[PDB]
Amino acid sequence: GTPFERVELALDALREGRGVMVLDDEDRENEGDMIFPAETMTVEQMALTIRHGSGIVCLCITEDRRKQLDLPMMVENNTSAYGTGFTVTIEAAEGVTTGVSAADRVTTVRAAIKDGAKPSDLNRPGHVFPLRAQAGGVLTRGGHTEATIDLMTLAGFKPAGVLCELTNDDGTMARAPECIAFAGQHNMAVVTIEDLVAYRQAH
């Protein structure tokens, strides 16, 4: 397909309760992140993500939601190679045990994204990793974090999505051909950040 078509197909997939495989630039991370809307991701989708992802399952959120939840950025002097926007980590205050099962990570995501969520609904630290997206989305920063928020908002959801990088069992990160094969195995749409940037520049 074309770039705009891949974006459109990705929005349909998110609306249908399917995941999307998001590939960033080859000259950047060259990684594929599986993403789901925070509002609809299931425990089975979370199990899938832990099984075949890095297991570092992230919750992409806006600056306003970060402030609503009172989640400081993890560090002041961000020296990460890619400037990744990790906040302090989180666990649901209620409805979990140790916080790390697929079910507990989903409970934590739902507590964080609920309308009216308050800081006391989350304990810290925890086993879910929120990432704060920059305003302007992929028009500001071409990361998976912004890409996730932009796809959610374009699909009609709250600007809140769950992401994890796809990993091969031998410990190497999946490259684009592996990400596309995996997307086929799990009926996910595939889209690139480059597609998304072009789409938003036009639209």
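Counting begins at 1, following the sequence as shown.
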query	finding
Mean C-alpha B-factor comparison - 107 to 115 and 71 to 79, higher one	71 to 79
Mean C-alpha temperature factor, higher of 144 to 152 and 27 to 35	27 to 35
Options 165, 170, 44, 64 - largest CA temperature factor per the record	170
Third assignment of residue 177 from its chain's C-alpha B-factors	highest
Cα B factor band for residue 138 (lowest, middle or highest third within the chain)	middle
